[PDB]
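K.L.:
For reference, the structure I am asking about is given below.
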Amino acid sequence: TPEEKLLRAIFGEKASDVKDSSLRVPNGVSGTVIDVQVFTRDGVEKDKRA
Amino acid sequence: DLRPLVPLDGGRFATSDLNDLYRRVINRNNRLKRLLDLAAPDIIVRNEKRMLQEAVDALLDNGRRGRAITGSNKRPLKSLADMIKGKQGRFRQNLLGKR
Amino acid sequence: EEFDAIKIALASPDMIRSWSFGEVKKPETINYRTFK
Amino acid sequence: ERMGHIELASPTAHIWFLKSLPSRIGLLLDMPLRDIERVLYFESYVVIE
Amino acid sequence: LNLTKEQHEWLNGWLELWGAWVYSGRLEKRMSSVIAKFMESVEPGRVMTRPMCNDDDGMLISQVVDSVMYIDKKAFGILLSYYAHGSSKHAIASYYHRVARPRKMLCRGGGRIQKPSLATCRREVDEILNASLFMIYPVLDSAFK
Amino acid sequence: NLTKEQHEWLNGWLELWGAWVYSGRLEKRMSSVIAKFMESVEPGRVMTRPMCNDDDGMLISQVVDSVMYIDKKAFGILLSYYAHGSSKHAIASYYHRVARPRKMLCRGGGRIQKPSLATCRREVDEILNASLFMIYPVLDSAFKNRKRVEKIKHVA
Amino acid sequence: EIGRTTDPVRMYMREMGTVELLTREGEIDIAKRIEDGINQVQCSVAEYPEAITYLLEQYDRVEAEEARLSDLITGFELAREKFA
Amino acid sequence: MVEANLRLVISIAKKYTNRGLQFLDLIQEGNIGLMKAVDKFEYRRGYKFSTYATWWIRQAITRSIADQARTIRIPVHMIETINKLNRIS
RNA sequence: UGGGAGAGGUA
């Protein structure tokens, strides 16, 4: 909210990134990555890898 | 938790068929109470009593009385008698042989 | 937990009302805003 | 472990003790099953007393 | 210590008159910089729901508050959040609980580095408000009399 | 004894290790799928406890294994203080509950009795101070003598 | 007849087949009979004196300014003087 | 008056069939709406019965399939709001 | 994560 916007300019942020759901390899599977294809949606800003 | 409400991976829900059959029985019973309070005509209240009988009989044994009540994906729903009785019933799939 | 017999019989409406804990009076299962 | 109960307005008949042959309601009341089904389907009246 | 009851309501009323004065944006920006970087995060077309004081008395209140509260920006930010913008104490305490770093706690955590609860956050913003009013009050009498 | 910033650093690492050990016990409360949906839509005001990266957890577990294996009572007090999250007064009262009457020779004419809460709090505090003092230097040496694995490199 | 039918909507269509459709003019007569019954029940509840005192005291309750002016009157400074 | 326009109820509910509800539930709730239209009908506006009854029957059928058709029930104001945002964006 | 269908395959 704009109340929290002015107080954000006062104080700052928090972490708020506790739960981690990163993609991991299933057990037993190995081998070299050969292709990474990053599709996105029209509207979301991309990153350096994209 | 014996007629559970399990989700999917894309946010949509995939409930059991018992919740659908219980929803049918509760809706037609509530409509029968509303029709008995509203002083409905004899034809309408008789059809609603017949619908409640059909819904209760479907919940107890779907494929028994008449045409089996099919779900949304054109397949007949699993009642209590279909949960217990059959090749994929409670007895021969979980009580005798367990994982 | 140490029972000698499993007796089956018909169920009176008084016995079914003795099993239960509250009359279910609404078809809707849970909410949609918060899932209580 | 906890059950509920639905309070039915009109008392309906159990389908097991009506359709699993022998019907047990036709065998108790000594009425034919077709006539009992006609009574339950609200097609024909029956007289009690 | 703290103030008495009549001095608390007198200073509270004068600060909300002063807060209604600065909330219009009539404070000259060269006079101070902390209110200048506080008032940039709000729209220019604000509404007026509070009674507004006149010019030079609000000028006197603004010059005395940035002469006594020029050493710290956090307590002054709490003061402008409570009186100038008009936000309540509970919202300020809730945002301070949702932001502040883990601190050492006595008599309830045993020295465990943990986040502060909401109750101690309400208590510390009340203590900050009461300490800022105690720094405001006698210098404000020195400016008035 | 130790100083305060050393105690702060050691207590932070041991609290992380305690929350890592407490994330592996057998008996835990069960929450159904409806409770998970309620927690995912509107969670609690307080979040969970932070854990180690499992290598720091294994290394601190090996350090307390090397130091506190000869003393079962102090290691149990350390586990119930840092993993279970109970305070020192709760551990002292639980020690007062299962306290056995020991022969004391300090106050009075050597009477037999059950020890009170004050001596229980004192021995719990003394055990915790001595345990942290014994853990700290070998934990500092083990964090010092560990090879920092860097990011992957590109050869052509 | 009443044979071996099991679809309840087919039996509903049989039990609704006994009645006939309504013509252009007949439903005005049925609605006139409905309004005649409403007028008869109103003109028989009209002359009951305790019902008249009930409507006057509910008008005293709405004129004492704690109830709204919508839950007791629908239509026909005017209702006030005629109830006076 | 009620048992002479049941064919109107089956004519309205013929189109709402495969919307998540059984065909017999639709005409039953249409009969409820038909009774509510009979009780509040005024003949002095020249219209016969059907132009007044069709709105109430359609309302009862729509309010039946908007509530008793899904487990996760969305209210009718929220589903038209998300439908309006879906048609604009 | 868990549930239900349809198709294919192995013994």
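Starting from 1 in every chain, residues are counted up; chains themselves are A, B, ... following the order of the structure tokens, and ligands are numbered from 1 as listed.
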Please return as a list in words: the residues of chain D that backbone DSSP assigns to alpha helix (DSSP H).
P.N.:
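Here is the list: residues 16, 17, 18, 19, 26, 27, 28, 29, 33, 34, 35, 36, 37, 38, 39 and 40 of chain D.
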K.L.:
Could those selected residues go to a file with C-alpha atoms, as a PDB file, in the first residue's frame?
P.N.:
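Full text of part-v9.pdb as output:
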```pdb
ATOM      1  CA  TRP D  16     -29.779 -53.101  -0.957  1.00  0.00           C
ATOM      2  CA  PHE D  17     -32.773 -54.451   0.992  1.00  0.00           C
ATOM      3  CA  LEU D  18     -35.031 -53.734  -2.029  1.00  0.00           C
ATOM      4  CA  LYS D  19     -33.131 -54.742  -5.186  1.00  0.00           C
ATOM      5  CA  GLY D  26     -41.488 -58.349  -1.171  1.00  0.00           C
ATOM      6  CA  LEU D  27     -40.550 -61.396   0.877  1.00  0.00           C
ATOM      7  CA  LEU D  28     -41.691 -59.745   4.132  1.00  0.00           C
ATOM      8  CA  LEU D  29     -44.806 -57.813   3.048  1.00  0.00           C
ATOM      9  CA  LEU D  33     -41.652 -56.473  -6.431  1.00  0.00           C
ATOM     10  CA  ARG D  34     -43.198 -54.782  -9.482  1.00  0.00           C
ATOM     11  CA  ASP D  35     -46.075 -53.472  -7.349  1.00  0.00           C
ATOM     12  CA  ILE D  36     -43.665 -52.305  -4.624  1.00  0.00           C
ATOM     13  CA  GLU D  37     -41.603 -50.551  -7.313  1.00  0.00           C
ATOM     14  CA  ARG D  38     -44.792 -48.912  -8.626  1.00  0.00           C
ATOM     15  CA  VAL D  39     -45.531 -47.638  -5.105  1.00  0.00           C
ATOM     16  CA  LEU D  40     -41.975 -46.328  -4.637  1.00  0.00           C
TER      17      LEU D  40
END
```
K.L.:
List every residue of chain B that has an atom at most 10 Å from any atom of chain G, giving for each one its closest atom pair and the distance in Å to one decimal, counting only C-alpha atoms, sorted by chain and then by ascending residue number, as CSV.
P.N.:
```
residue,atom,partner,partner_atom,distance
B:43,CA,G:15,CA,7.5
B:44,CA,G:12,CA,9.1
B:46,CA,G:12,CA,9.5
B:47,CA,G:12,CA,6.8
B:50,CA,G:8,CA,7.4
B:51,CA,G:8,CA,7.4
B:54,CA,G:8,CA,8.3
B:65,CA,G:6,CA,8.0
B:66,CA,G:6,CA,5.6
B:67,CA,G:7,CA,7.2
```
K.L.:
Excluding region 7-23 of chain A and any residue of its chain fewer than 4 positions from it, enumerate the residues within 9 Å of it, using only C-alpha atoms (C1' of nucleotides), and give them as a ChimeraX atom specification.
P.N.:
/A:2-3 /E:37-38,41,73-74,77-78,81,92,95-96,98-101 /F:47-48,50
K.L.:
What's the 12 Å shell around residue 1 (chain I), counting only C-alpha atoms (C1' of nucleotides), without same-chain residues fewer than 4 positions away, as a list in words?
P.N.:
residues 6, 7, 8 and 9 of chain B; 33 of chain F
K.L.:
Name the residues in contact with residue 93 (chain E) at a cut-off of 7 Å, using only C-alpha atoms (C1' of nucleotides), excluding same-chain residues fewer than 2 positions from it; report them as number ranges by chain.
P.N.:
E: 89-91, 95-97, 121-122, 125
K.L.:
In Å to one decimal, how far is CA of residue 8 (chain F) from CA of residue 94 (chain E)?
P.N.:
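So the answer is 27.3 Å.
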K.L.:
Near residue 63 (chain E), counting only C-alpha atoms (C1' of nucleotides), which residues have an atom at most 12 Å away, once you skip same-chain residues fewer than 3 positions from it, shown as an mmCIF file with N, CA, C and O atoms, in the first residue's frame?
P.N.:
```
data_model
loop_
_atom_site.group_PDB
_atom_site.id
_atom_site.type_symbol
_atom_site.label_atom_id
_atom_site.label_comp_id
_atom_site.auth_asym_id
_atom_site.auth_seq_id
_atom_site.Cartn_x
_atom_site.Cartn_y
_atom_site.Cartn_z
ATOM 1 N N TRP E 18 0.019 20.784 13.010
ATOM 2 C CA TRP E 18 1.255 20.913 12.245
ATOM 3 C C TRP E 18 1.362 19.840 11.173
ATOM 4 O O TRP E 18 1.880 20.100 10.083
ATOM 5 N N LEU E 27 5.427 23.518 3.072
ATOM 6 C CA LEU E 27 6.701 23.729 3.742
ATOM 7 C C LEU E 27 7.769 23.986 2.686
ATOM 8 O O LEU E 27 7.849 23.259 1.690
ATOM 9 N N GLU E 28 8.581 25.018 2.905
ATOM 10 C CA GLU E 28 9.584 25.416 1.926
ATOM 11 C C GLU E 28 10.744 24.425 1.968
ATOM 12 O O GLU E 28 11.230 24.072 3.047
ATOM 13 N N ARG E 30 13.948 24.303 0.968
ATOM 14 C CA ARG E 30 15.322 24.629 1.333
ATOM 15 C C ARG E 30 15.512 24.664 2.850
ATOM 16 O O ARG E 30 16.641 24.497 3.330
ATOM 17 N N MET E 31 14.414 24.798 3.605
ATOM 18 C CA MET E 31 14.480 24.924 5.061
ATOM 19 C C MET E 31 14.994 23.639 5.707
ATOM 20 O O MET E 31 15.813 23.693 6.633
ATOM 21 N N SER E 32 14.558 22.479 5.220
ATOM 22 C CA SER E 32 15.091 21.219 5.718
ATOM 23 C C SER E 32 15.036 20.177 4.612
ATOM 24 O O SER E 32 14.314 20.326 3.623
ATOM 25 N N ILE E 35 12.286 16.329 5.722
ATOM 26 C CA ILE E 35 10.891 16.442 5.302
ATOM 27 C C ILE E 35 10.807 16.531 3.779
ATOM 28 O O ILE E 35 9.818 16.092 3.173
ATOM 29 N N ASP E 56 2.683 31.144 9.762
ATOM 30 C CA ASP E 56 3.900 31.400 10.531
ATOM 31 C C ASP E 56 3.968 30.591 11.821
ATOM 32 O O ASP E 56 5.073 30.314 12.305
ATOM 33 N N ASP E 57 2.824 30.220 12.407
ATOM 34 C CA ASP E 57 2.871 29.352 13.579
ATOM 35 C C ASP E 57 3.304 27.941 13.195
ATOM 36 O O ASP E 57 4.061 27.297 13.929
ATOM 37 N N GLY E 58 2.839 27.452 12.040
ATOM 38 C CA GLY E 58 3.344 26.197 11.510
ATOM 39 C C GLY E 58 4.797 26.287 11.095
ATOM 40 O O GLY E 58 5.524 25.290 11.152
ATOM 41 N N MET E 59 5.228 27.469 10.645
ATOM 42 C CA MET E 59 6.642 27.705 10.370
ATOM 43 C C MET E 59 7.461 27.623 11.653
ATOM 44 O O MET E 59 8.575 27.085 11.659
ATOM 45 N N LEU E 60 6.915 28.154 12.753
ATOM 46 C CA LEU E 60 7.575 28.080 14.055
ATOM 47 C C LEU E 60 7.661 26.641 14.559
ATOM 48 O O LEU E 60 8.679 26.244 15.137
ATOM 49 N N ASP E 66 12.827 20.540 13.607
ATOM 50 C CA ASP E 66 14.066 20.149 12.943
ATOM 51 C C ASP E 66 15.298 20.815 13.544
ATOM 52 O O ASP E 66 16.409 20.581 13.061
ATOM 53 N N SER E 67 15.127 21.640 14.578
ATOM 54 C CA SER E 67 16.263 22.045 15.393
ATOM 55 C C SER E 67 16.535 21.080 16.537
ATOM 56 O O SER E 67 17.666 21.030 17.031
ATOM 57 N N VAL E 68 15.526 20.342 17.004
ATOM 58 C CA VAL E 68 15.743 19.418 18.110
ATOM 59 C C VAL E 68 15.889 17.972 17.620
ATOM 60 O O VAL E 68 16.554 17.166 18.290
ATOM 61 N N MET E 69 15.343 17.636 16.449
ATOM 62 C CA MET E 69 15.373 16.282 15.903
ATOM 63 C C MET E 69 16.184 16.243 14.613
ATOM 64 O O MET E 69 15.781 15.626 13.624
ATOM 65 N N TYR E 70 17.337 16.902 14.606
ATOM 66 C CA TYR E 70 18.244 16.864 13.467
ATOM 67 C C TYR E 70 19.366 15.851 13.637
ATOM 68 O O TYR E 70 20.254 15.784 12.782
ATOM 69 N N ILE E 136 10.373 17.127 22.367
ATOM 70 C CA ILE E 136 9.686 18.260 21.752
ATOM 71 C C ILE E 136 9.280 19.290 22.800
ATOM 72 O O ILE E 136 9.498 20.493 22.608
ATOM 73 N N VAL E 139 11.604 22.401 24.816
ATOM 74 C CA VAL E 139 12.144 23.263 23.771
ATOM 75 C C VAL E 139 11.016 23.996 23.044
ATOM 76 O O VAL E 139 11.187 25.142 22.604
ATOM 77 N N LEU E 140 9.829 23.383 22.960
ATOM 78 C CA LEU E 140 8.670 24.077 22.400
ATOM 79 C C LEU E 140 8.169 25.181 23.328
ATOM 80 O O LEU E 140 7.687 26.216 22.851
ATOM 81 N N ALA E 143 10.540 27.962 22.740
ATOM 82 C CA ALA E 143 10.237 28.671 21.504
ATOM 83 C C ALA E 143 8.973 29.515 21.620
ATOM 84 O O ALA E 143 8.899 30.592 21.020
ATOM 85 N N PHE E 144 7.976 29.046 22.375
ATOM 86 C CA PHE E 144 6.737 29.803 22.526
ATOM 87 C C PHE E 144 6.928 30.998 23.453
ATOM 88 O O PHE E 144 6.705 32.148 23.057
#
```
K.L.:
Within 10 Å of residue 20 (chain G), counting only C-alpha atoms (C1' of nucleotides), which residues qualify if same-chain residues fewer than 4 places away don't, as a VMD selection string?
P.N.:
(chain G and resid 16) or (chain H and resid 3 to 5)
K.L.:
Would you put the residues from that selection into a file with N, CA, C and O atoms, as a PDB file, in the first residue's frame?
P.N.:
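The resulting file, part03.pdb, is shown below:
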```pdb
ATOM      1  N   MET G  16     -46.985 -34.888 -16.370  1.00  0.00           N
ATOM      2  CA  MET G  16     -47.340 -33.549 -16.814  1.00  0.00           C
ATOM      3  C   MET G  16     -48.113 -33.552 -18.125  1.00  0.00           C
ATOM      4  O   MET G  16     -48.610 -32.499 -18.537  1.00  0.00           O
TER       5      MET G  16
ATOM      6  N   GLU H   3     -49.475 -25.788 -12.811  1.00  0.00           N
ATOM      7  CA  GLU H   3     -49.446 -27.002 -13.638  1.00  0.00           C
ATOM      8  C   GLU H   3     -50.105 -26.805 -15.009  1.00  0.00           C
ATOM      9  O   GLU H   3     -50.879 -27.629 -15.491  1.00  0.00           O
ATOM     10  N   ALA H   4     -49.755 -25.713 -15.680  1.00  0.00           N
ATOM     11  CA  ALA H   4     -50.133 -25.512 -17.069  1.00  0.00           C
ATOM     12  C   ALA H   4     -49.011 -24.874 -17.870  1.00  0.00           C
ATOM     13  O   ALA H   4     -49.202 -24.598 -19.058  1.00  0.00           O
ATOM     14  N   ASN H   5     -47.851 -24.634 -17.255  1.00  0.00           N
ATOM     15  CA  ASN H   5     -46.707 -24.013 -17.907  1.00  0.00           C
ATOM     16  C   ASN H   5     -45.420 -24.746 -17.552  1.00  0.00           C
ATOM     17  O   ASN H   5     -44.340 -24.145 -17.549  1.00  0.00           O
TER      18      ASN H   5
END
```
K.L.:
Show me, as JSON lines, the residues of chain F having an atom within 7 Å of chain C, each with the closest atom pair and its distance in Å, using only C-alpha atoms.
P.N.:
```
{"residue": "F:34", "atom": "CA", "partner": "C:35", "partner_atom": "CA", "distance": 6.8}
{"residue": "F:37", "atom": "CA", "partner": "C:35", "partner_atom": "CA", "distance": 6.0}
{"residue": "F:38", "atom": "CA", "partner": "C:35", "partner_atom": "CA", "distance": 5.3}
{"residue": "F:41", "atom": "CA", "partner": "C:34", "partner_atom": "CA", "distance": 6.1}
```
K.L.:
Could you jot down the CA of residue 56 (chain B) to CA of residue 68 (chain H) separation for me, Å, one decimal place?
P.N.:
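Between CA of residue 56 (chain B) and CA of residue 68 (chain H) the gap is 17.1 Å.
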K.L.:
Define the interface residues of chain H facing chain B as those within 9 Å, counting only C-alpha atoms, and report them as a list in words.
P.N.:
residues 2, 3, 18, 20, 24, 25, 28, 29, 31, 32, 35, 68, 70, 71 and 72 of chain H
K.L.:
Dump as number ranges by chain the residues of chain C that approach chain H to within 7 Å, counting only C-alpha atoms.
P.N.:
C: 28-32
K.L.:
Store the residues picked out above in a file with N, CA and C atoms, as a short mmCIF file (atom, residue, chain, number, x, y, z; two decimals), in the first residue's frame.
P.N.:
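Generated output (part32.cif):
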```
data_model
loop_
_atom_site.label_atom_id
_atom_site.label_comp_id
_atom_site.auth_asym_id
_atom_site.auth_seq_id
_atom_site.Cartn_x
_atom_site.Cartn_y
_atom_site.Cartn_z
N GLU C 28 -21.99 -27.17 -0.07
CA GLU C 28 -20.69 -26.61 -0.42
C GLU C 28 -19.63 -27.07 0.58
N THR C 29 -18.49 -27.52 0.05
CA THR C 29 -17.49 -28.20 0.88
C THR C 29 -16.59 -27.21 1.62
N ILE C 30 -15.78 -26.46 0.89
CA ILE C 30 -14.89 -25.46 1.44
C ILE C 30 -15.05 -24.16 0.66
N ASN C 31 -14.30 -23.14 1.07
CA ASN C 31 -14.40 -21.81 0.51
C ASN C 31 -13.45 -21.68 -0.69
N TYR C 32 -13.26 -20.45 -1.16
CA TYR C 32 -12.37 -20.16 -2.27
C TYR C 32 -11.41 -19.02 -2.00
#
```
K.L.:
Kindly give the distance, in Å, that separates CA of residue 79 (chain E) and CA of residue 119 (chain E), rounded to a single decimal.
P.N.:
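We find that CA of residue 79 (chain E) and CA of residue 119 (chain E) lie 19.7 Å from each other.
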K.L.:
Could you please tell me, as a PDB file with N, CA and C atoms (P, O5', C5', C4', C3', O3' and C1' of nucleotides), in the first residue's frame, which residues of chain I have an atom within 10 Å of chain B when using only C-alpha atoms (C1' of nucleotides)?
P.N.:
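The file below, part.pdb, is the result:
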```pdb
ATOM      1  P     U I   1       4.796 -31.215  -4.656  1.00  0.00           P
ATOM      2  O5'   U I   1       3.733 -32.257  -4.091  1.00  0.00           O
ATOM      3  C5'   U I   1       2.856 -32.960  -4.967  1.00  0.00           C
ATOM      4  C4'   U I   1       3.350 -34.357  -5.243  1.00  0.00           C
ATOM      5  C3'   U I   1       2.266 -35.430  -5.327  1.00  0.00           C
ATOM      6  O3'   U I   1       2.676 -36.439  -6.251  1.00  0.00           O
ATOM      7  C1'   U I   1       3.753 -35.954  -3.573  1.00  0.00           C
ATOM      8  P     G I   2       1.589 -37.290  -7.074  1.00  0.00           P
ATOM      9  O5'   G I   2       1.131 -38.427  -6.056  1.00  0.00           O
ATOM     10  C5'   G I   2      -0.210 -38.907  -6.046  1.00  0.00           C
ATOM     11  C4'   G I   2      -0.503 -39.717  -4.808  1.00  0.00           C
ATOM     12  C3'   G I   2      -1.977 -40.040  -4.576  1.00  0.00           C
ATOM     13  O3'   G I   2      -2.095 -41.330  -3.976  1.00  0.00           O
ATOM     14  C1'   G I   2      -1.148 -38.775  -2.758  1.00  0.00           C
ATOM     15  P     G I   3      -2.610 -42.580  -4.845  1.00  0.00           P
ATOM     16  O5'   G I   3      -4.020 -42.092  -5.399  1.00  0.00           O
ATOM     17  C5'   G I   3      -5.140 -41.996  -4.532  1.00  0.00           C
ATOM     18  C4'   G I   3      -6.333 -41.400  -5.232  1.00  0.00           C
ATOM     19  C3'   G I   3      -6.696 -42.022  -6.568  1.00  0.00           C
ATOM     20  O3'   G I   3      -7.421 -43.232  -6.429  1.00  0.00           O
ATOM     21  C1'   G I   3      -6.745 -39.662  -6.747  1.00  0.00           C
ATOM     22  P     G I   4      -7.252 -44.406  -7.511  1.00  0.00           P
ATOM     23  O5'   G I   4      -8.148 -43.932  -8.738  1.00  0.00           O
ATOM     24  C5'   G I   4      -9.533 -43.671  -8.572  1.00  0.00           C
ATOM     25  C4'   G I   4     -10.109 -43.013  -9.796  1.00  0.00           C
ATOM     26  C3'   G I   4      -9.866 -43.739 -11.107  1.00  0.00           C
ATOM     27  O3'   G I   4     -10.784 -44.797 -11.316  1.00  0.00           O
ATOM     28  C1'   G I   4      -9.364 -41.440 -11.369  1.00  0.00           C
ATOM     29  P     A I   5     -10.520 -45.894 -12.457  1.00  0.00           P
ATOM     30  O5'   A I   5     -11.187 -45.262 -13.755  1.00  0.00           O
ATOM     31  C5'   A I   5     -10.826 -45.710 -15.050  1.00  0.00           C
ATOM     32  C4'   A I   5     -10.903 -44.596 -16.060  1.00  0.00           C
ATOM     33  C3'   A I   5     -10.198 -44.860 -17.378  1.00  0.00           C
ATOM     34  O3'   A I   5     -10.989 -45.633 -18.263  1.00  0.00           O
ATOM     35  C1'   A I   5      -9.573 -42.730 -16.571  1.00  0.00           C
TER      36        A I   5
END
```
K.L.:
What are the residues of chain G lining chain H at 12 Å or less? Count only C-alpha atoms, and put the answer as a PyMOL selection string.
P.N.:
chain G and resi 7-35+38
